[PDB]
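Data first, discussion second: the structure below is written as structure tokens.
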Amino acid sequence: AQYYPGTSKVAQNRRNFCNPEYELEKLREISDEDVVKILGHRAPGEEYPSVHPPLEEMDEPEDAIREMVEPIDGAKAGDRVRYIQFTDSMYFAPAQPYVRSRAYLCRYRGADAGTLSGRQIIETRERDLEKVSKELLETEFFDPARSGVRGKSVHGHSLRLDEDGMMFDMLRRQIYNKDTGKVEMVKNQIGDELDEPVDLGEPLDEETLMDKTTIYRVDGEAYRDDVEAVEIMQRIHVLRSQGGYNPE
Amino acid sequence: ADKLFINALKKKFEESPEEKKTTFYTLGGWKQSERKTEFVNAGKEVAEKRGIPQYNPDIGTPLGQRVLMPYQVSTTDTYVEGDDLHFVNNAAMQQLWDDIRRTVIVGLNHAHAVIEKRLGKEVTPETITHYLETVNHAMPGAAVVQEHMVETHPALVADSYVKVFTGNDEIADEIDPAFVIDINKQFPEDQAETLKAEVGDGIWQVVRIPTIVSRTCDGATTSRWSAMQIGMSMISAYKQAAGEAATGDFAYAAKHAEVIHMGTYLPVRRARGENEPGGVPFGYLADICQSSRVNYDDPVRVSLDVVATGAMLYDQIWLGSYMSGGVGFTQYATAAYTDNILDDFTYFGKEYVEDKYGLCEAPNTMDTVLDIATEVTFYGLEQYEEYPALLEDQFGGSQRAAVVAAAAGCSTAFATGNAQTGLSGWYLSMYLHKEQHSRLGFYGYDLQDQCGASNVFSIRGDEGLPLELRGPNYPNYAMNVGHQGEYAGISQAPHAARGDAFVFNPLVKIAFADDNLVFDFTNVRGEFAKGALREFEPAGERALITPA
Amino acid sequence: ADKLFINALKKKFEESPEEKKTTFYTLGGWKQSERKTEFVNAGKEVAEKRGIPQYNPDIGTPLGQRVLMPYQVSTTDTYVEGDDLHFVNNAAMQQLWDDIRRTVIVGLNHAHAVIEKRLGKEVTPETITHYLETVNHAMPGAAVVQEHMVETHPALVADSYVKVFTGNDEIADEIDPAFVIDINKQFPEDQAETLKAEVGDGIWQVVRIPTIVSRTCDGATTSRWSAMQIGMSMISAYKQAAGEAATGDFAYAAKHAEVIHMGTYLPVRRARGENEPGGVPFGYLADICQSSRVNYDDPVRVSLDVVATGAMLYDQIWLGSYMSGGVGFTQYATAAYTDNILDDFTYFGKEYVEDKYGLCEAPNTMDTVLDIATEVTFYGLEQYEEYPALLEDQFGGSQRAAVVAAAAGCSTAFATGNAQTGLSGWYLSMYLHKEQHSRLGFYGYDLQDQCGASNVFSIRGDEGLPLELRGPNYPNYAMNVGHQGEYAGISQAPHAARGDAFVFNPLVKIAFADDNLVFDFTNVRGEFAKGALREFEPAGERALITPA
Amino acid sequence: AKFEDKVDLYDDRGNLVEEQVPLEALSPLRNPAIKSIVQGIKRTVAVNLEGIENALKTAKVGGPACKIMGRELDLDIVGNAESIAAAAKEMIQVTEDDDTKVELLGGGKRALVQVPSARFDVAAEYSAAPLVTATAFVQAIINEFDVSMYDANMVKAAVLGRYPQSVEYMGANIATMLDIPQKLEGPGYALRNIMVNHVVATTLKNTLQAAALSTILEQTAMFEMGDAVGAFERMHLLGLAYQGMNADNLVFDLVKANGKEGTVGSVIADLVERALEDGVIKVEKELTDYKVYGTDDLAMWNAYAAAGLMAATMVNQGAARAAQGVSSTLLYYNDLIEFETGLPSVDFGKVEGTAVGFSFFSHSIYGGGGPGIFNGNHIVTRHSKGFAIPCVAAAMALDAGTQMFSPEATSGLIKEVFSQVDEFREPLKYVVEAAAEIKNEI
Amino acid sequence: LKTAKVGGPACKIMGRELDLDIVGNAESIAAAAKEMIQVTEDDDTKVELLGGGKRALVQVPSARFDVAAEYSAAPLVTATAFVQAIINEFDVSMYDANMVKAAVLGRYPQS
Ligand code: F43
Ligand SMILES: C[C@@H](OP(=O)(O)O)[C@H](NC(=O)CCCCCCS)C(=O)O
Ligand SMILES: O=S(=O)(O)CCS
Ligand SMILES: O=S(=O)(O)CCS
Ligand SMILES: [Ca+2]
Ligand SMILES: [Ca+2]
Ligand SMILES: [Ca+2]
Ligand SMILES: [Ca+2]
Ligand SMILES: [Ca+2]
Ligand SMILES: [Ca+2]
Ligand SMILES: [Ca+2]
Ligand SMILES: [Ca+2]
Ligand SMILES: [Ca+2]
Ligand SMILES: [Ca+2]
Ligand SMILES: [K+]
Ligand SMILES: [K+]
Ligand SMILES: [K+]
Ligand SMILES: [K+]
């Protein structure tokens, strides 16, 4: 699969995020317990809640499609469908909203992805969400200054940065410590205080952000200069126009 | 010269507009804001008086961790907090809608034929004047035939009246001028002659029913109220039986055969009668706006006055209340009429067009669309990139999508002189924007834009329509903010560039060229500023009949 | 004792009420009237200011060749000229309608099930109270989640709020009482127990959106506005993602699955959305009126308070403006709530029933209809014959037809305990009246009455319906004055006689049992009098945002 | 034949049933099983006799939370259902032994009714089905118990609700798959105003049958709307065949290959490879490390893409056994496939657009709901001309119980009655056999 | 089309005028429309010119209503067949074809 046209670094990074064969760079270690804390759907050690019985106990009808499509493990167990949501700064966060949704439906099974300008969300079965979330938090999908885990009050993608390079957060879930150079997650994604904060590590430096980003900007790589990517967008516009008029 | 939004950005923020860093969290929350402070105190007074909690800043999340911005109303020097541009808080905005809702256009051509051909009586400018004196007594709710009638208080209904217009200059001049919309006085020479030739010897009434009635009732009341009092005035002025078979011909004429509603009725899921915002097609909205007849040497100004009219009506009142409600959609709309931002982008596009093609001289083709819409989209997005303060101002992706695509679409239509290629340019802008920033609008913003390219030139039943005929009930457009008012602008754009007197209905254009309206449709953005400042005096208030 | 209308007749005329002769033509024309004099002066001022003639007494025919009468508002000692009972001139009447239009009832039962079964969270009296504090901040138009929101001015929207009720007394007492409609306090014991048993463990919101919004917009806005702010408050109070899949279940529940509109939408010829008067069935109108819970030892008073409510809303505002307009239909309606006339006739009929059958003890049969409706019709018509002043008071045949038949229909229903036989009595009354005086109403008055007898007991598709379920959109009833409000009274009559807590919907009955309404639904006629005197203070005014 | 295209037809287990069938043999205009299904759905009514009885005995008539005290009537309708049904049938039929049916279910608690076809021959539309059924049952109930003239109007209210004060049959105890003509978003829309949950319930949550029934209804509506006339006809026929009838086993084989470990993206890759293998698309030119694909047959590319879209929904929502993500699949299948190829997505962007709005209105405060309450007449999901809603039906068929407004909640009366009808429940074999029957008439 | 008076009473879009000799080519337009309206050749479709080509009588084939819920297929199938026939008769451009649609079916679906 080729995923996306273009010859910029931005275009290559977009392809890399989409490509399940591309092994995402691990930038930080976050324990399974701290993923569960950040998510805020259940307490550590709490058995998974259930929205319905395990598939073995709710007797699905005979169906070739069901027989051919393997349920994800959380579906087998009847897990709730829960979410994780990120906001990405337009100041060179590595991932960006359509990049995430496109990538999620190439890389992850059983995924409900939604794109908005100031928030991007995935909803899936709870135990699977936990595994996906570990990857979303530990790898270059995430930077703790230019990205934020936010289930509400998402304002910030388009705001100026603060003096530490941190994106705005109305609820200040992620706190930069000048004395350590690290970001601490002090609240879960919905904004409730953690009894024990989670170390998110150091923010990426500015040159590395520019190297890894998937946003086009005049002060980075501009979309208008990635002429092959622009060509394909214009082509799609024209062919959609033609098809709607007369597809013969 | 400076970009047109630079003054506003300098007024809003401490930092210069190019600066990428600022300060948060230490601004005092809501206490930074005069208006929020007013609201906190009012909420306490409300709760105390009624015994139920109401507005309370401590509910939910805490506003004002960032700067709560003032907005410049574009083309003005007025800066206000956004709450003053909420339609609930802005009497000018409410009166704009009331003045549309309470208006209907009703012909006298069938009526005069009934009088001459069925009753066998003459119609002359003198009989017309007598009829108009009669109907200006009757229309606000007063009697002309029966004994022991009880009537509306004239001071409560002072905004209701009837005028006429005709393309026949000699007839027009023979009718008492108190009752005539003077096309020659209200329109510049070229526009006046266009409009008179469209109307010809036809004679048309512009009827405005009382604001207090329109507010008590609904839009579908207007043509009925109009017809009842036209009917009574025909009986009184032409001396027929007060209720004979011919009376029914006047009713059918006034209610159906020669009525022009501002809006057509809506389907059941969004059920509404006539003269509601969803029924008003984009070309009528452009013609209601009167910028065309005063700013006719500046097509950008004309087009963006239409955008202001439509963004407010369609996003704030229609989508933000009729179709939803609550806090609503103030800033989805203000993005299109504040801080001179859309103005900057559209004047850029107009100059690009004048330099490359000449106004209305570009081929009406997809090649022109690809050229202009791409260039203008890239200019607009570059401004958000160059000026972090601009991006923080128009903080929602939907706002930016609408503003950039409006400039792109209007500019394309300036070049082609055709609204349909303008529309194609709007959709191309969205697609480019989405790829440039890997985001566009809110969750559901681009339903119509994704369907958009394919439906621009479609001819199928519920797909194909010239843009001027489309409106808020065009299926793809029926749900979402940040499009409808901008489409009214794109509808206006080629006609403004061509110098056309109207976009879609010349009777609608003439019908709002009337200094006896309450809202000033020649300067919509000026009026929004006046209302924001609490300086606008609406019709329809009940002070006269309530305690002092 | 004297007939109940005698005081009013003595106040209106110089002659004794039984005298057959009077004086005309020398009374001073309009100058006899304080109110007409006010109007003449106001018309001159209006015309001078705006440059267009307006109210002018010398247009058409000359009012006041006979006495221009005062009217006693029934059950009061207030006498006013009829103009003061025109809905345009009466803020109480306008606010009655606004308080209905801006109300919706919305369950929390599906909502709580989404929280418990889909989200897996607890619902308790404490979470409900926290939700209610939240929604009472949000509902008038204020924010709970997003940054940089702009909001409605709390003082402009002070009339908007949310309360709840439930049949479970133990749950009701654990919710903060500021937010609870207390069924045990508002209703007498037996009615309270009936109502609580209907509701059971259900929990229902009564949502009232702002009058200023309802007036700017329409009735179909109400359930949407309600649902948006319910949705936001569910997000904030139960701490979920601010927009996840489950959010759509709260939307569907609040907008569709557990909403009760006051009115259902109307078909195209009279196109309107929800919560407009034509959609309000007669049984809901009887339940909105709150006379039942205060005047429960007097079934005549309860029934005729419902008649007043409906005559005003359905004839003056709905038929007289929404469906027509102009001078309108003030006196077609006032006939049913002034001068204690309908009261005299209906108390006569109630006594006849009590003496002959006992309330609710007559056979539910045509023989009972023939007996009671005939006797009461003849009594009413005899009063017009014996008192020429009465006949000159209710000068229009339609007025008399409606009043006499309302007394006949209500009386029949008092006897049978069944509204359908009451309705048959109404139609028989019309037929008898027509033969007695060789006249009935205006040209089109008895369309529904001629169809009436045959459609009372019909079971066919668009014919058959219990009266309680009928309303202004029942086909035969869709056009004409002097019926709809009276039918709401007949709907009420058997239930008042039976002591039933409600007529058709117990949730509607409870929803208006609320001291925080603006209009006092327990004393509709008292409120009409207060508005006539210009002593009623409505919601929705713009004074705070306009020049002083 | 107007078109030269031929398709191979399969059963819902992926077995070949008919080879090289002319495309037009699947047309709603030609295929007699589609005709039978559509006529059947027009004329079938579910009658809730238990619901009528309970409404009468409580006087709860005329809509939610409504009751008229003093009007109660205690009638043993269910106990006398055989006699009532036979009396109703005598009134509903035109002639003895015509195609009228009145069949009791649930021990007399429900009845399946099929109003005779002859009544619709001389009708403008379809409302004769509920209206003839309603009055026949009102009259039969009155006659069974000698209900008085004074009380009969309560039987009417219990059967048909608040109509005509309400425009709809508000509080009725009868139900149809179709809704009243006034509720159409546009003329021609009536077969689109059928709730997804009704289709899923009727087909007993069999995924391929739900997709087939939905596609039949949607694409048949496209003919009634005029959308499948002239230049667009072949596009709609190929969509019907490849997206809803598993033509050439393409949907089935994509699901087979991607069901164990696959994603929306992996289905896309396989579909593009198949389109290239079959000559539907080819490389038009090369950019830098990027192949730009073209096609000389937009309608066939669209149909292949539509098959992949259905398979992608089955793989993605099937893996979750949760329907909500269908809005996401409908969006990003199309978004991804455009940037993968340089060709337009399904319905030239209209599925993606529908998906944007549908995502919004199934995850927001403003309206909509869960996937099951949508339909082709819904303002959110009317925009694509038949290519979106069948995927929603497939996704809801695969849902294991994540929805509050499930078919069990919204569609129980419809399920009980309409799933009895073989051609409604299992339409695919009937349409395939009918195609075989007429193949030589095309 | 020649006046750009489309979309309802007193409506006009200046600059959109298209001067097409429809009546002069009515036979060809009618025959092309008939090919699209029919289901099969020699079924009960009719397209018959009246008034020297100024009007046409159309009967949409019964088979289309056999698989329709109601009756709106008649105007909708007729409308699109004539829109397409007119476009093809004169090689109306993609850019202008929407005016032909407006001239045939009016302001629908905004109205
Ligand atoms: C709860 C939702 C989901 C939904 O259905 N509607 C919401 C909320 C709703 C509420 C918020 C009021 C409140 O705070 O109580 C209101 C005002 C509508 C109402 N009920 O009156 C609204 N949005 Ni929203 N909504 C907006 C917007 C947006 C932008 C904000 C992005 C950002 O970075 O700040 C995003 C979508 C996106 O990412 O593109 C958005 C999301 C959302 N919007 C998320 C909440 C986001 C959060 O948790 O912070 N809106 C905008 O982009 C600007 C206009 C603004 C609207 C108010 C106005 O027009 O003045 C408001 C319009
Ligand atoms: C979708 C539909 O809602 P339902 O699904 O019918 O509840 C429709 N609302 C809307 O379109 C809301 C539009 C305004 C709010 C969102 C603006 S982006 C309506 O209420 O008729
Ligand atoms: O977040 S959502 O896109 O659902 C609503 C934007 S107001
Ligand atoms: O005279 S008519 O009966 O037509 C109207 C009475 S208001
Ligand atoms: Ca500054
Ligand atoms: Ca707060
Ligand atoms: Ca002159
Ligand atoms: Ca001149
Ligand atoms: Ca006296
Ligand atoms: Ca006079
Ligand atoms: Ca108790
Ligand atoms: Ca208590
Ligand atoms: Ca008690
Ligand atoms: Ca065979
Ligand atoms: K489990
Ligand atoms: K002249
Ligand atoms: K509980
Ligand atoms: K109003």
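Protein chains in written order, with the deposited numbering: chain C, 2 to 249; chain A, 2 to 549; chain D, 2 to 549; chain B, 2 to 443; chain E, 57 to 167. Just so you know, even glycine gets a beta-carbon here, dropped at the ideal spot from N, CA and C.
- Judged by DSSP secondary structure, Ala-112/E falls within the beta strand (DSSP E) whose first and last residues are 111 to 115.
- Within the stretch 95 to 145 of chain E, the complete beta strand (DSSP E) segments of 3 residues or longer fall at 102 to 106, 111 to 115, listed in chain order.
- Separation of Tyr-358/D and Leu-109/D (C-alpha to C-alpha, rounded to the nearest whole angstrom) is 45 angstroms.
- Rounded to the nearest whole angstrom, the C-alpha separation of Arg-209/D and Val-41/A is 21 angstroms.
- According to the DSSP assignment, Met-94/D belongs to the alpha helix (DSSP H) that extends over 92 to 102.
- Spatial neighbours of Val-139/E in its own chain (CB-CB distance under 7 angstroms, excluding positions within 5 residues in sequence) are listed in chain order as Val-156, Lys-157, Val-160.
- If you draw a straight line from the Cα of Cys-218/D to the Cα of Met-94/D, it is about 18 angstroms long.
- Chain order gives the chain B residues near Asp-122/E as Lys-36, where near means a beta carbon separation below 7 angstroms.
- In terms of Cβ geometry, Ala-173/D and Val-163/D do not form a close pair [threshold 7 angstroms].
- Legend: CB atoms of the stretch 217 to 246 of chain B lying less than 9 angstroms from CB atoms of chain E belong to residues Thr-221, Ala-222, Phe-224, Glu-225, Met-226, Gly-227, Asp-228, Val-230, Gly-231, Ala-232, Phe-233, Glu-234.
- For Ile-390/B, no beta strand (DSSP E) segment is defined; the enclosing uninterrupted segment is the alpha helix (DSSP H) at 390 to 399.
- Taken atom to atom, the span from the alpha-carbon of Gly-462/D to that of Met-92/B is near 15 angstroms.
- For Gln-140/E, the neighbours in chain B by C-beta distance under 7 angstroms run, in chain order, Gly-231, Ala-232.
- Taking a Cβ-Cβ cut-off of 7 angstroms, the neighbours of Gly-189/B in chain E comprise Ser-128, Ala-129, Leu-132, given in sequence order.
- Boundaries of the beta strand (DSSP E) harbouring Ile-123/C: 121 to 126, taken from the DSSP string.
- The Cβ neighbour count for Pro-63/D, taken over all protein chains shown within 10 Å, is under 16; the residue is labelled exposed.
- Per DSSP, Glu-134/D has no beta-bridge partner at all.
- Contact annotation for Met-150/E against chain C: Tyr-246 [CB-CB distance below 7 angstroms, chain order].
- Nearest CB-CB separation between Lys-157/E and chain A: below the 7 angstroms threshold.
- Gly-472/D: not part of any alpha helix (DSSP H); DSSP gives it neither H nor E.
- For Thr-125/C, the residues of chain B that pass the 7 angstroms Cβ criterion are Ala-321, in the order they occur in the chain.
- If the five residues before and after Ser-75/A are omitted, its C-beta is found closer than 8 angstroms to the C-beta atoms of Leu-305, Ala-309, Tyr-338, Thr-339, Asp-340, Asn-341, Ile-342, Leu-343, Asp-344, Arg-526, all from its own chain and listed in chain order.
- Contact check for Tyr-239/A against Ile-101/A fails: the beta carbons are separated by 7 angstroms or more.
- At a cut-off of 7 angstroms between C-beta atoms, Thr-136/E counts as an interface residue with respect to chain B.
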